[PDB]
Every structure is written in structure tokens, then in C-alpha cells.
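Peer 1: Quick one: this structure, given as C-alpha cells, is what I'll be asking you about.
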RNA sequence: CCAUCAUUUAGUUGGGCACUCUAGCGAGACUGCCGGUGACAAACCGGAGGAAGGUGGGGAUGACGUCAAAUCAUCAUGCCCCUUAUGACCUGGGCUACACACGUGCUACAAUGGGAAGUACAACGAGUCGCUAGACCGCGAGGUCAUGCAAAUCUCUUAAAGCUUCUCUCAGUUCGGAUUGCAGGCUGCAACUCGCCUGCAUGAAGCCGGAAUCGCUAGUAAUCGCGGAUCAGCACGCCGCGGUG
Ligand SMILES: [Zn+2]
């Protein structure tokens, strides 16, 4: 077969995605994406690159994901799917580029400082 | 009258209404209702006179009455009349377990 | 701040209805960052709207917003030791801010057995010029257009 | 494969230097030495109060990293054993040869 | 009294749960690290001078 | 919770075994406030040091599982 | 680690180092180009390209000086004082006392919730007389026989909020969990004063808190768990880590 592979990262989670011609479906870690991320609607965040460019089918998606939480490792899946689509035809690097969908989100958990309750929350004060 | 001691409430399931007798908590009600075979079904007490007598005769094998208050009362009574460090505290309205009395007596001394 | 004006905090339009207003409404119901609960609440409320004497949840929601949002707000200020209040105009983003805020605040205080039975009912009562939200708007308009007295040269 | 090394140290410079020493003097007399594979670099963390009597709300933090390195030898020879157990430099680096 | 207590610390204890650690330079009994056997503020003093091998200032 | 046999001290148990024969003396003066009241301590009069003095306590029967320190307090309030 | 292959309970075993990962060495961000403003200047506003754009995000790094600020109790040390006692050894007791007043926190006053059953997803760290696999006994905290590991190999460690069903119905309550009675477990020579945990029973105040006052500008506030220093045992405190946002 022919296939297309990309790697997506977001917030302590890394995903390895594979594009394969088919009829439109995605399975992750040997389960169905309806069951793996059955939260409400994060799937409609995942299927956005197909919605903007290469509109819209048809590829079966196979991914291998590990790390982070359920909402991080779906933005990571989106990242990877977008990169793989870029790999198919390089002419997509404009429509995708306009709508984000191509950049890594570098918003990590800020580190805790000493003498503070959290990264920025301080203790309660009393002028007297 | 009702099914033990006095006045198990209406309109609620038995697993909860049986809590209202002094000495029946939550797991005890479960075990009593299970040694017979009575369920809740559904959110009401619409029992039978065989189910009431069923769940009435078994409570007799426990200490769920003013037979329990006697036990607890005479226990604290034996405590305060030997030495006794615990009873001395029982006689002052002060925590009887070691509680570093700076605020922890608002419950124990009002 | 002190340096000068700042940005506007772009929002991400929710994918169900593709409407940034529903996004802000989800963000206002949410407490403690539990967003899936807020989303379930808003979607059940809109299902309740359409199912019972409805046309579409976006339409009646926009009309309720239009009937609630204010157009004349006052600001209590200090001059030199005596404080008063004066009316002023109202820029657009503040308007929708206030609208959402009032609707959620006064649906939270309804007194039924579900946040949906409160939210759907309250924005329906709002799209028909009723409910403490509309009365709050009218209290505001009455405070203004009266306290213009000590505002006419402010 | 019936011979393998392990090297720990606090400086990756000295670590890589000695790893190249052993790899070179191994493949000079034999063949097929698996590369100096890197291991995940343990780290510790020590927080301390930097004042002798009071002021808990100002501290100073220390650490101690420990770099790791792995080398496996394939098909030794009655000369590699000799030419290996003899070289010894340098001082503050741990060496542990297990068959 | 801090010269008799270092002596009393080094003799074998009268019961299992009667031994306790002290610093080795000084005799400080509070906040000693038992990988180094050094107290809170001899550690910060010998870390500078680069005498303890390993330890250095951390930032990330 | 010493379900592996309750706890007396040897000196205390030695003294009580030694007097177990006849009618007893009030001079059993021990510090030993950790010991429990075995069912043989009845009728005697133990002296329990409370950090300052030796308080005597007469051992009835209802006090048979408690400790010897529960009958000689140490704080002196009012 | 498992994409192209056979295989089983499985990345396991044959195979491979493609991908992820680990960690050495390099690249990359400079108002560097393009338009306008402005004394043409510095600088500011907008665009292109790029993972990143204007000190990209965070840490370490604290001048001359101020408060005779703090510490002779970490350690040193000038002067003064004690010396059959202000030095030294032992048992038992305070340091935990309670008419009250002030500060810093935790748990709640419920339906955006309480209870029952099922299904998921992390990261930082620790381990030899230590971390305990597995099987069995106990309602439970735990116990017995035993197994791997001085560690990317084994273990601590199936995270909790989350999602899906079934209930309960606005009440001082199937909310809340203080206080007290009885029976146990674990460490320790020994848990009365004075430990932590388990089970059954009891079921307080509290229905969102005046004057006044605090924290915070984005993966931040709010909320949820996990680890370890100290340590036989003992954390609502402290230092870190990540999830939803
Ligand atoms: Zn020291």
C-alpha cells in the first residue's frame, strides 16, 4: 500500500498518525475514536484539517498516541493529521497555514517557585 | 407501631426509613433486609403485614432501643467513678481524647 | 493598564453551531474549569428549547440577547471628596458581556431542579420581554436618563 | 553478548572521552562493538533555607546529575579480554564489567 | 551543653528507637541530610568551594 | 493494643507475686505508669509517681484493663 | 520502539533501528527583509516567510547604600561571670495545660450534588536488610507462604477530577462529619498524660457569611490528584510534578 505518516505534539503528549486511502474513519490504540475519546465533541476538533483542506475524504486514519490527558492528545492528533496531509500534496501549505493547524502550541505548565503557593498565587497578607 | 420501637416514616424506601431507629445505621439496615429478602421497590413503603412482621421479628435480635442508651449511659457512669482521667474530662465538657484545647471545644463546651 | 490599551482575547467558535456567542455562553456557565458539564448543560437546554414551542435555538437566543442587553449605563465617580454618578454610552463588547452575565446570574437563582430547566426557561422568558433580566435592564435605563441631572456637564 | 560495560560519571565530557577510549582499543583488536548507547541521566534536587535563624520564605536549590553510558561487546577474543581489563584512566568515573 | 551530648550521641544507644543523627562538622541535631551527614547550613557552605562532588546550583 | 500479651514490668510483677500470699501492704511504690492492671492487682494499694510525688491508688475491680497512669494526673488545673 | 513480515496472553520470539524515545554534537530569531508614521534619526504601527517575532516563555544572577533591622542557640570569637556547680549521669513529668483574644490553613452549608455498577488518559521522583510480584485467609485496616530487582530490565504505580447507565427529589435531608461508646490492626522495650489507621453504633454547628480586607494579566486564576526530603511510626505543613481550564 501507499501511506503517509506524521508526528504531532501538544502538552506532554505525542502522537504518530498514518494516512491511508479509504472511506473516512479513525481508530486509535486498537479502539474506535468514538470510544477512545468519547467525551462530547473533541472529535469535531480532530476532523478540522479535512474540513479546511483536501475537502474532505477519504482516508482511514490510524494513530498511536501516548502521554498527557484526553484533551491534549486530541489536539496532538489534529497536529499530526495536518502534517500528514501536508505530506500528501505540498499545495496545502497555504489553506492550512491560514487557519493555524500547522503550528505547535508551546503552552506548557509553568514551574512552581519557592515562597509562593503556586506558580503565581501568593499567600494571604495582613497590613497589621 | 410502626415496625420497631416507634414510627418508621412513610413515603420513603425501607433501606432508608429503617435508619430512624436508634441503633440501625446504614449497613445494618442492608443486612436486616437481606436476611429476609425484601427490596425497596421503589420509593415507598407499601409493604405487607408479612413483610412488616418479617422485618420486625429480626430487629428483636439487636440492641436497637432504649436498651442501648442504658448501655452507653452506664458506660460513661462507670468511667467517671473510678479514677478516672477520661471521666474527669467527661465531667468538665472537655475533649476526652487529647485535642489541644485552643478552639476544639466549641463542640464539646459550646 | 498604565501604558495603554490592550488586546481583545480572541475566542474559538464552537463547532456545533459555529457561533462564538454560544462559546462565550459555555464559558460563563462553566465553574472550576469543568467544561464538559457546561457543554452538556447548554446542549440539553437548547434541545429543550426546540422541542417545546421552538423554531431554532440560535434565533430565540439572539432575540433574547437583543431584549436584555443595555444601551445606557452610568458610572459612579469621585471628583475631589464628593462622589456622584453620571451616565455614559456603552461600547459593543461590554454590551454582550453584561447580557450574558445577567442571563446566567438570574437563571442560576430560579428555583427548579435542573440548570437546564432554569436556563432554557429563562432565555425563553427573556425572548418575550419578561424575566428579572429585562427588569434589570430597565432599572439601568431608569437610573440613567434620570441621573443625567448631575451629569449634564461632566 | 557475554561481555558488556557500564560507565557512570558527573561530566559527560570525561564520560564520552573514556567511552571512545574503550571502543577504539576494542575494535582495534576485534570487531562489532555496539555503540556507546546513552541512558537517561538521573537527577536529584535539594532545597535548603539560606539563613541561619529565620526567613523561611527565601531558599536556595541544589542538584546532582549522574550521566550514564552503555557499551556491549560482540564476539570477544583471547586478546580483547587482556587489552580491556588493563586500561584504567581516568579517576572519577565508575566502571563495572559484567559478563 | 554541646560537648557531652556529642559524646552521648556516639555511644551505643540504650534502645533501638533512641539513636538519632547529628551533623559531623558541628553537632546540629535539626535538619541533617543522611546521604552526606551534613546539616542545613554546612551543605550550603561546602557546596561553594566545590568540595562535595556532584552537587551544584540548580535552575530550570 | 498489645494483643500479643498485655504489658507489665518485671519489678512490679515480682513485687505483686511476692505479696500474693497473705494480706497486703501499701508500700508498693513504683514509677512504672505504663503497666496495665492485671486481675491480680486487686485489693492492694499501688503508689504511682506523677512526676512530682507518689500518689496512692486503691485497686477496685472495675479498674482491671486500664493503666496505672490513668489514676494519677499530672497537670494540676484549678 | 514495532512501520513491511509469522507467532502467541501479549513486543514476546525470530527480525529490524523506519517511527517515537533517550543524549552528545550542530542549525534556527537578528527589527534580518517589505509598507507607513516620525527631525530622513532612534523608535513605534502593519505584512511576508517560518515551529517560534520584537528581551518567544520561565529560572539563576540582587550595585553604592538605608533600618546600631535579625542571629553569642549552626559555627567562631574580645570582655565579664560559675567551678563539690550555672559542670556531669538516671528515672518520671511539662514543651500538647484553657474563662478568652489575633494570624495562617482544611472540610462544608448541596442537584453544576450525594450513592451503586462499568470504562479511560499523565509527569516528576524513590528502593538492599529496602521497593514487594503473585496465590490464599479477613467486611476492613492488614496477615502468611513466597517472587523479581542495587534498576530505560523488577517494584512502588489499574492516578483523581472525566465518560456511560440506575437511582434519590429541594428537606437540616440518602447534605455535612464534629463529638462520644464498643471491638481491632501496625511500628516500638513501651502508645494513660500523648501516635496513625480500621469497623459497627451516635449524628453538633452550619441553609453562602457586616464594617473591613486579600490573591491573581494565560496554560495564569479556579479545581483534581501523584511523588519525597525529615522519618520505627507520625503532615490539613513544605518542596516539586502533571490533568481539565
Ligand atoms: Zn553542620
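With ideal geometry, Cβ positions are generated from the backbone for all residues, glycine too; neighbour counts draw on all protein chains shown. Readers should treat all values here as calculations from the given coordinates under stated rules, not as data from a laboratory.
Peer 1: Which residue, C:118, C:101, C:77, tops the fluctuation ranking in a GNM of chain C built on C-alpha contacts under 10 Å?
Peer 2: C:77
Peer 1: Return the calculated 222 nm mean residue ellipticity for chain B, to the nearest 500 deg cm²/dmol, obtained by summing -39500 (n - 2.57) across DSSP H runs with n ≥ 4 and dividing by the residue count. Mind dumping the intermediate values first?
Peer 2: Numbers: 6 runs with 45 residues, N = 110.
Calculated from helices alone, the mean residue ellipticity at 222 nm is -10500 deg cm²/dmol.
Peer 1: Here's something else I'd like to know. Nearest 10 degrees is fine. How inclined is helix B:68-79 to the longest principal axis of chain B, computing both from alpha carbons?
Peer 2: 10
Peer 1: Provide the FRET efficiency to the nearest 0.05 for the residue C:27-residue E:17 pair, computing r from the beta carbons and using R0 = 45 Å.
Peer 2: Numbers: r = 57 Å, r/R0 = 1.26.
Efficiency, rounded to the nearest 0.05: 0.20.
Peer 1: From the square roots a ≥ b ≥ c of the eigenvalues of the alpha-carbon gyration tensor of the protein assembly as shown, which class results: rounded (a/c under 1.5), prolate (a/b over b/c), or oblate?
Peer 2: oblate
Peer 1: Mark the label point 7 Å from the Cα of residue F:24 along Cα→Cβ and return the residues of the range B:71-110 whose backbone N is within less than 18 Å of it.
Peer 2: Of the residues in the range B:71-110, B:82-83 have backbone N under 18 Å from the label point off residue F:24.
Peer 1: Restricting attention to the alpha-carbon atoms of chain B, what are Rg (one decimal) and Dmax (integer), both in Å?
Peer 2: Final numbers for Rg and Dmax: 19.2, 55 Å.
Peer 1: Here is a further query. In which sequence would C:46, F:44 go, from the one with the fewest C-beta neighbours within 10 Å to the one with the most? Could you put the intermediate results ahead of the total?
Peer 2: Working: C:46 23, F:44 17.
Lowest count first: F:44, C:46.
Peer 1: Using the 10 angstrom Cβ neighbour count as an exposure proxy, how do C:58, C:109 rank, fewest first?
Peer 2: Numbers: C:58 15, C:109 9.
Result, fewest neighbours first: C:109, C:58.
Peer 1: Under a crude label model (7 Å from the Cα following the beta-carbon direction), how far is residue B:26 from residue E:31 in nanometres?
Peer 2: A separation of 4.4 nm, rounded to one decimal place.
Peer 1: OK, next. Quick check: the angle from helix D:12-27's long axis to the longest principal axis of chain D, C-alpha only, nearest 10 degrees?
Peer 2: Approximately 10 degrees, to the nearest ten.
Peer 1: If you don't mind, there's one more thing I want to ask. Of the residues C:115, C:65, C:30, which exhibits the maximal mean-square fluctuation in a Gaussian network model of chain C defined by a 10 Å Cα contact cut-off?
Peer 2: Ranking C:115, C:65, C:30 by mean-square fluctuation puts C:30 first.
Peer 1: I've got another one for you. Evaluate the distance, in nm, between pseudo-label points positioned 7 Å from the Cα of residue C:53 and of residue D:28 along their respective Cα→Cβ axes.
Peer 2: In this crude label model, residue C:53 to residue D:28 measures out at 9.7 nm.
Peer 1: Something else about it: With everything on Cα atoms, drop me the angle between helix A:72-88 and the longest principal axis of chain A, reported from 0 to 90° to the nearest 10.
Peer 2: Taking Cα atoms only, the helix is inclined about 40 degrees.
Peer 1: For C:152, D:67, what's the fewest-to-most ordering of other Cβ within 10 Å of each Cβ?
Peer 2: In order of increasing Cβ crowding within 10 Å: C:152, D:67.
Peer 1: Another question, if that's okay. Per-residue ellipticity at 222 nm for chain A, helices alone: DSSP H runs ≥ 4 residues times -39500 (n - 2.57), over residue total, nearest 500 deg cm²/dmol? Spell out each step's value before the answer.
Peer 2: Values: 5 runs with 34 residues, N = 128.
Dividing the helical sum by the residues of chain A leaves -6500 deg cm²/dmol.
Peer 1: While we're here: Mind giving me the FRET efficiency for residue C:146 and residue C:96? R0 is 25 Å, r the Cβ-Cβ distance, nearest 0.05 is fine. Each step should come with its number before you reach the end.
Peer 2: Details: r = 25 Å, r/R0 = 1.01.
So the FRET efficiency works out to roughly 0.50.
Peer 1: Okay, moving on. To the nearest 500 deg cm²/dmol, what mean residue ellipticity at 222 nm is calculated for chain E from DSSP H runs of n ≥ 4 alone, each contributing -39,500 (n - 2.57), summed and divided by the residues? Walk me through the intermediate numbers first.
Peer 2: Numbers: 2 runs with 15 residues, N = 60.
The helix contribution divided over chain E gives -6500 deg cm²/dmol.
Peer 1: Here is a follow-up. Per residue, what volume in Å³ does the Cα convex hull of the range C:1-75 take up?
Peer 2: On the way: hull volume 11.4 nm³, N = 75.
Output value, Cα hull per residue: 152 Å³.
Peer 1: Also, I was wondering about something else. For chain A, set up a GNM with springs between Cα atoms under 10 Å and report which of A:95, A:40, A:76 has the largest fluctuation.
Peer 2: Among A:95, A:40, A:76, the largest mean-square fluctuation in the Gaussian network model of chain A belongs to A:40.
Peer 1: Using a Förster radius of 35 Å, what is the FRET efficiency between residue D:12 and residue A:103 based on their Cβ-Cβ separation? Nearest 0.05, please. Could you put the intermediate results ahead of the total?
Peer 2: Details: r = 33 Å, r/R0 = 0.93.
For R0 = 35 Å, the calculated efficiency reads 0.60.
Peer 1: Which number comes out as Rg/Rh for chain C once both Rg and the Kirkwood Rh are worked out on C-alpha atoms? Present the calculation step by step, with values, prior to reporting the outcome.
Peer 2: On the way: Rg = 17.9 Å, Rh = 17.3 Å.
Ratio value, two decimals: 1.04.
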